[PDB]
Each structure stands twice: as C-alpha cells, then as structure tokens.
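J.: What follows is run-v6.pdb, made up of PDB, C-alpha atoms:
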ATOM      1  CA  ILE F 100      65.383-152.109 -55.292  1.00  0.00           C
ATOM      2  CA  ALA F 101      65.653-155.862 -54.800  1.00  0.00           C
ATOM      3  CA  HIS F 102      63.693-158.407 -56.827  1.00  0.00           C
ATOM      4  CA  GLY F 103      63.072-162.135 -57.043  1.00  0.00           C
ATOM      5  CA  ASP F 104      65.135-163.194 -60.065  1.00  0.00           C
ATOM      6  CA  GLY F 105      68.594-164.772 -60.137  1.00  0.00           C
ATOM      7  CA  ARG F 106      70.429-161.437 -60.118  1.00  0.00           C
ATOM      8  CA  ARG F 107      73.080-160.701 -57.488  1.00  0.00           C
ATOM      9  CA  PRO F 108      72.047-158.547 -54.495  1.00  0.00           C
ATOM     10  CA  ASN F 109      72.943-154.865 -54.353  1.00  0.00           C
ATOM     11  CA  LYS F 110      75.175-153.353 -51.686  1.00  0.00           C
ATOM     12  CA  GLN F 111      74.663-149.715 -50.747  1.00  0.00           C
ATOM     13  CA  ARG F 112      76.771-147.205 -52.678  1.00  0.00           C
ATOM     14  CA  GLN F 113      78.401-143.816 -52.081  1.00  0.00           C
ATOM     15  CA  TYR F 114      79.581-141.049 -54.407  1.00  0.00           C
ATOM     16  CA  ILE F 115      82.138-138.303 -53.795  1.00  0.00           C
ATOM     17  CA  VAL F 116      82.507-135.336 -56.155  1.00  0.00           C
ATOM     18  CA  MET F 117      85.263-132.693 -56.057  1.00  0.00           C
ATOM     19  CA  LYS F 118      84.690-129.239 -57.569  1.00  0.00           C
ATOM     20  CA  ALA F 119      87.031-126.249 -57.609  1.00  0.00           C
ATOM     21  CA  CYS F 120      86.921-122.526 -58.359  1.00  0.00           C
ATOM     22  CA  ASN F 121      88.339-120.904 -61.468  1.00  0.00           C
ATOM     23  CA  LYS F 122      90.079-117.562 -61.135  1.00  0.00           C
ATOM     24  CA  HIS F 123      89.591-114.788 -63.669  1.00  0.00           C
ATOM     25  CA  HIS F 124      91.371-111.467 -64.097  1.00  0.00           C
ATOM     26  CA  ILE F 125      90.260-108.195 -65.701  1.00  0.00           C
ATOM     27  CA  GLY F 126      92.243-105.066 -66.522  1.00  0.00           C
ATOM     28  CA  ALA F 127      91.433-101.775 -68.205  1.00  0.00           C
ATOM     29  CA  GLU F 128      93.951 -99.058 -69.087  1.00  0.00           C
ATOM     30  CA  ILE F 129      93.356 -95.316 -68.753  1.00  0.00           C
ATOM     31  CA  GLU F 130      95.594 -92.568 -70.089  1.00  0.00           C
ATOM     32  CA  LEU F 131      95.497 -89.069 -68.625  1.00  0.00           C
ATOM     33  CA  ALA F 132      97.381 -86.135 -70.113  1.00  0.00           C
ATOM     34  CA  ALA F 133     100.090 -84.521 -68.001  1.00  0.00           C
ATOM     35  CA  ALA F 134      98.696 -81.045 -68.601  1.00  0.00           C
ATOM     36  CA  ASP F 135      95.281 -82.291 -67.442  1.00  0.00           C
ATOM     37  CA  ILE F 136      96.652 -83.631 -64.143  1.00  0.00           C
ATOM     38  CA  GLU F 137      98.745 -80.490 -63.677  1.00  0.00           C
ATOM     39  CA  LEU F 138      96.129 -77.768 -64.153  1.00  0.00           C
ATOM     40  CA  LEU F 139      93.740 -79.465 -61.734  1.00  0.00           C
ATOM     41  CA  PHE F 140      96.191 -78.096 -59.137  1.00  0.00           C
ATOM     42  CA  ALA F 141      97.250 -74.768 -60.664  1.00  0.00           C
ATOM     43  CA  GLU F 142      95.450 -71.749 -59.287  1.00  0.00           C
ATOM     44  CA  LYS F 143      92.434 -69.820 -60.506  1.00  0.00           C
ATOM     45  CA  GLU F 144      93.458 -66.624 -62.275  1.00  0.00           C
ATOM     46  CA  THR F 145      90.724 -65.147 -64.473  1.00  0.00           C
ATOM     47  CA  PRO F 146      87.180 -66.108 -65.631  1.00  0.00           C
ATOM     48  CA  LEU F 147      88.655 -67.720 -68.748  1.00  0.00           C
ATOM     49  CA  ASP F 148      90.749 -69.939 -66.445  1.00  0.00           C
TER      50      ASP F 148
ATOM     51  CA  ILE C 100      85.842-104.386 -72.970  1.00  0.00           C
ATOM     52  CA  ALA C 101      88.456-105.191 -70.338  1.00  0.00           C
ATOM     53  CA  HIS C 102      89.504-108.818 -70.674  1.00  0.00           C
ATOM     54  CA  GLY C 103      92.027-111.233 -69.276  1.00  0.00           C
ATOM     55  CA  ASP C 104      93.760-112.464 -72.415  1.00  0.00           C
ATOM     56  CA  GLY C 105      97.307-111.490 -73.351  1.00  0.00           C
ATOM     57  CA  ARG C 106      96.486-108.975 -76.086  1.00  0.00           C
ATOM     58  CA  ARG C 107      96.890-105.258 -75.576  1.00  0.00           C
ATOM     59  CA  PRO C 108      94.141-103.424 -73.674  1.00  0.00           C
ATOM     60  CA  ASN C 109      92.727-100.493 -75.581  1.00  0.00           C
ATOM     61  CA  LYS C 110      93.056 -96.926 -74.398  1.00  0.00           C
ATOM     62  CA  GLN C 111      90.208 -94.456 -74.745  1.00  0.00           C
ATOM     63  CA  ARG C 112      89.195 -93.479 -78.273  1.00  0.00           C
ATOM     64  CA  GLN C 113      87.173 -90.655 -79.781  1.00  0.00           C
ATOM     65  CA  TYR C 114      85.954 -89.682 -83.218  1.00  0.00           C
ATOM     66  CA  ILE C 115      85.205 -86.187 -84.478  1.00  0.00           C
ATOM     67  CA  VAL C 116      82.837 -86.125 -87.446  1.00  0.00           C
ATOM     68  CA  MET C 117      82.167 -82.967 -89.455  1.00  0.00           C
ATOM     69  CA  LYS C 118      79.080 -82.749 -91.663  1.00  0.00           C
ATOM     70  CA  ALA C 119      78.299 -79.870 -94.016  1.00  0.00           C
ATOM     71  CA  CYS C 120      75.295 -78.239 -95.685  1.00  0.00           C
ATOM     72  CA  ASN C 121      74.333 -78.592 -99.330  1.00  0.00           C
ATOM     73  CA  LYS C 122      72.601 -75.501-100.732  1.00  0.00           C
ATOM     74  CA  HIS C 123      69.889 -75.494-103.393  1.00  0.00           C
ATOM     75  CA  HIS C 124      68.435 -72.762-105.586  1.00  0.00           C
ATOM     76  CA  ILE C 125      65.035 -72.620-107.308  1.00  0.00           C
ATOM     77  CA  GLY C 126      63.832 -70.226-109.985  1.00  0.00           C
ATOM     78  CA  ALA C 127      60.489 -69.602-111.687  1.00  0.00           C
ATOM     79  CA  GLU C 128      59.574 -66.838-114.126  1.00  0.00           C
ATOM     80  CA  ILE C 129      56.458 -64.653-114.188  1.00  0.00           C
ATOM     81  CA  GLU C 130      55.415 -62.508-117.159  1.00  0.00           C
ATOM     82  CA  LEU C 131      53.269 -59.423-116.563  1.00  0.00           C
ATOM     83  CA  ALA C 132      52.009 -57.793-119.751  1.00  0.00           C
ATOM     84  CA  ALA C 133      52.750 -54.101-120.257  1.00  0.00           C
ATOM     85  CA  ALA C 134      49.152 -53.528-121.349  1.00  0.00           C
ATOM     86  CA  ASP C 135      48.102 -55.028-118.000  1.00  0.00           C
ATOM     87  CA  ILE C 136      50.345 -52.959-115.717  1.00  0.00           C
ATOM     88  CA  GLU C 137      49.462 -49.651-117.403  1.00  0.00           C
ATOM     89  CA  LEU C 138      45.822 -49.591-116.279  1.00  0.00           C
ATOM     90  CA  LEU C 139      46.696 -50.656-112.727  1.00  0.00           C
ATOM     91  CA  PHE C 140      47.692 -47.074-111.872  1.00  0.00           C
ATOM     92  CA  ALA C 141      45.134 -45.263-114.047  1.00  0.00           C
ATOM     93  CA  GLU C 142      42.026 -43.434-112.863  1.00  0.00           C
ATOM     94  CA  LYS C 143      38.661 -45.141-113.369  1.00  0.00           C
ATOM     95  CA  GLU C 144      35.340 -43.299-113.580  1.00  0.00           C
ATOM     96  CA  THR C 145      33.136 -45.291-115.999  1.00  0.00           C
ATOM     97  CA  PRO C 146      31.526 -48.757-115.665  1.00  0.00           C
ATOM     98  CA  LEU C 147      33.790 -50.141-118.399  1.00  0.00           C
ATOM     99  CA  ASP C 148      36.924 -49.090-116.525  1.00  0.00           C
TER     100      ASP C 148
END
What is this structure when it is put down as structure tokens?
T.:
Amino acid sequence: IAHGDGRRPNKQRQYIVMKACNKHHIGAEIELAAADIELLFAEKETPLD
Amino acid sequence: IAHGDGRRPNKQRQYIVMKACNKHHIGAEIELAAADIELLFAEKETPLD
C-alpha cells in the first residue's frame, strides 16, 4: 500500500518455499514355535489330535 | 509398539497368574437345658401341660 510521506516506493515481491517428505520405518518381530508350524501340516489321527 | 529406533523389538509376552482361595470357619454355641428337652417328647393331657 503506497502513501504520501517521504518513504521509498515498494516494488512487488515474490516468495518461494521448499518442503520435503520425511521417511519413517516400522518393524515388529513375531516368533513362532517349530512344533507349531509343523503340526499345522501333520495329519489328523484321533479326536484328541 | 513397533518403532523405528535402533533398540531391540520385543517379542510376544504372556503372564500366567494363579490366585487361591482363603477359607474361613465360624462357630457359635447353643445350650438346650435337659429339663427343657425332657418334656418335648412327653405326653400332655392337662391344661398345665
């Protein structure tokens, strides 16, 4: 906004802003027993099995 | 919580808690007079009995 005092005039301006992503990583660890993974494949035998 | 810092991720954990039962015992005493039990089985035939 210009005005009538002794101040210098104002040229038009311009702004340039640079933004960037930030990577994030997540990891969870599961253990599974070897007998558990095995007997999911071994055959049905008896009602207690 | 699975997080992206350098420390070791936790495996799965469980607790097994075993509670018990406390037992309590109450006793009160009752006195029946022998002059009072004796007429409980007797035969009555008069308006005083």
J.: With chain C held fixed, move chain F onto it by a least-squares fit of all C-alpha atoms in order and give the output as a short mmCIF file (atom, residue, chain, number, x, y, z; two decimals) with C-alpha atoms, in the coordinates of the input.
T.:
data_model
loop_
_atom_site.label_atom_id
_atom_site.label_comp_id
_atom_site.auth_asym_id
_atom_site.auth_seq_id
_atom_site.Cartn_x
_atom_site.Cartn_y
_atom_site.Cartn_z
CA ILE F 100 86.00 -103.88 -71.88
CA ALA F 101 89.14 -105.66 -70.70
CA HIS F 102 89.42 -109.43 -70.34
CA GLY F 103 91.84 -112.09 -69.15
CA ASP F 104 93.18 -113.57 -72.40
CA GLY F 105 96.45 -112.80 -74.18
CA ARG F 106 95.02 -109.89 -76.16
CA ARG F 107 96.67 -106.46 -76.03
CA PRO F 108 95.11 -103.83 -73.73
CA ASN F 109 92.88 -101.11 -75.13
CA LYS F 110 93.69 -97.41 -74.92
CA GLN F 111 90.83 -94.92 -74.85
CA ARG F 112 89.73 -93.58 -78.24
CA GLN F 113 88.27 -90.37 -79.68
CA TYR F 114 86.32 -89.60 -82.85
CA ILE F 115 85.91 -86.29 -84.69
CA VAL F 116 83.32 -85.83 -87.43
CA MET F 117 82.98 -82.81 -89.75
CA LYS F 118 79.65 -82.00 -91.41
CA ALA F 119 78.77 -79.07 -93.66
CA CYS F 120 75.69 -77.39 -95.11
CA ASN F 121 74.57 -77.66 -98.72
CA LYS F 122 73.15 -74.59 -100.41
CA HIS F 123 70.15 -74.78 -102.71
CA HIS F 124 68.58 -72.18 -104.99
CA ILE F 125 65.04 -71.81 -106.34
CA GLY F 126 63.66 -69.47 -108.98
CA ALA F 127 60.26 -68.98 -110.59
CA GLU F 128 59.50 -66.65 -113.50
CA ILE F 129 56.37 -64.53 -113.85
CA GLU F 130 55.30 -62.61 -116.94
CA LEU F 131 52.92 -59.66 -116.70
CA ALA F 132 51.47 -57.91 -119.73
CA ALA F 133 52.37 -54.25 -120.25
CA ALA F 134 48.73 -53.28 -120.73
CA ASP F 135 47.90 -55.01 -117.44
CA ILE F 136 50.52 -53.05 -115.49
CA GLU F 137 49.50 -49.83 -117.25
CA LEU F 138 45.73 -49.84 -116.69
CA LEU F 139 46.16 -50.54 -112.98
CA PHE F 140 47.20 -46.86 -112.92
CA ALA F 141 44.94 -45.31 -115.57
CA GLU F 142 41.88 -43.57 -114.22
CA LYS F 143 38.30 -44.71 -113.76
CA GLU F 144 36.07 -43.41 -116.54
CA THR F 145 32.77 -45.30 -116.86
CA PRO F 146 31.10 -48.39 -115.28
CA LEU F 147 32.49 -50.55 -118.09
CA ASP F 148 35.98 -49.36 -117.10
#
J.: List as a Markdown table every residue of chain C that is in contact with range 130-147 of chain F, defined as an atom at most 12 Å from one of its atoms (using only C-alpha atoms), together with the nearest atom pair and the distance in Å rounded to one decimal, sorted by chain and then rising number.
T.:
| residue | atom | partner | partner_atom | distance |
| --- | --- | --- | --- | --- |
| C:108 | CA | F:130 | CA | 11.5 |
| C:109 | CA | F:130 | CA | 10.1 |
| C:110 | CA | F:130 | CA | 6.6 |
| C:111 | CA | F:130 | CA | 7.4 |
| C:112 | CA | F:130 | CA | 10.4 |
J.: So what do you get for CA of residue 129 in chain F versus CA of residue 117 in chain C, distance-wise?
T.: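 Atom-to-atom, CA of residue 129 in chain F and CA of residue 117 in chain C are spaced 26.6 Å apart.
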J.: Just so the selection is clear, what residues does the PyMOL selection byres ((chain F) within 8 of (chain C)) cover here, as a PyMOL selection string?
T.: chain F and resi 123-130
